[PDB]
């Protein structure tokens, strides 16, 4: 059997990419895919090691592997201000965290690093960090603060936090206050070898993502209404969440990436001036 095979494509299982999944299903794009659903750290690893051809990569893992990946333009997981689902949950003010314990949920690579950058270079505190599975209840038992992403973060933000009187700091907002910039937590990328071996499949997958994203924005109320039946959040919260997320990835978002990279690269295992290689559009005549 030497027929062409479907690209192996990753997809983040979180609510932040559920509308995208909706888009992929409605357009029929999913059937051009062999799809793997998982948490971001795992999808990133799978892409990097060759178990996927294309997928979401948490920004920090992308930047560490930028020579071997080609980023998709005009789609990303991000924010301009609040992201709602990447947070620091804390039982004390942030500037009382010097020498305190802070738990880092193991599914994140970028949010944890942003939280570390913020606490250190904005607020001037140096906690005892540790990494553990995301679980607010166990985290709050052992630590003074926790960094969460995904559904666990959104839950803390919208529900647990208010319920138990815990401060929930929005990482997107903290970065925005500090720099005035938007933030990007994950990009989409093809493995470089896949991109060069199969250039048109790669462009079509890219274009099908853009189309599916676009549709998901147009149908955001339908996604929220449907997903609300299965989640702890109601329809209004989910619609608010989906429209607060910023899935753009053009010049302003790249600028945010560049500056984040410059501030953390030296201590995060990639050059501060790492070059992001974007998938080039086909010129016509």
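Residue numbers count along the first chain shown, from 1.
Student: Looking only at CA atoms, which has the higher mean B factor in the entry: 186 to 194 or 132 to 140?
Tutor: Comparing 186 to 194 with 132 to 140, the higher average CA B-factor belongs to 132 to 140.
Student: Would you mind comparing 3 to 11 and 276 to 284 for me and telling me which has the higher average C-alpha temperature factor in the entry?
Tutor: Taking the mean C-alpha B-factor of 3 to 11 and of 276 to 284, the larger value falls to 276 to 284.
Student: Going by the CA temperature factor in the entry, name the top one among 46, 58, 244, 253.
Tutor: It is 46.
Student: Quiz for you: based on the deposited Cα B-factor, which of 172, 180, 105, 124 is highest?
Tutor: Highest C-alpha B-factor among the listed options: 124.
Student: Splitting the chain's C-alpha B-factors into thirds, which one does residue 77 fall into?
Tutor: Answer is middle: the recorded C-alpha B-factor places it there.
Student: How does the C-alpha B factor of residue 26 compare with the rest of the chain: lowest, middle or highest third?
Tutor: Ranked within chain, residue 26 CA B lands in the lowest tercile.
Student: Compared with the other modelled residues in the chain, in which third is the CA B-factor of residue 113?
Tutor: Lowest third, going by the recorded CA B-factors of the chain.
Student: Divide the modelled residues of the chain into thirds by Cα B-factor and specify which third, lowest, middle or highest, holds residue 90.
Tutor: Middle third, going by the recorded CA B-factors of the chain.
Student: Which third of the chain holds residue 237 when residues are ordered by C-alpha B factor: lowest, middle or highest?
Tutor: Its C-alpha B-factor belongs to the middle third of this chain's values.
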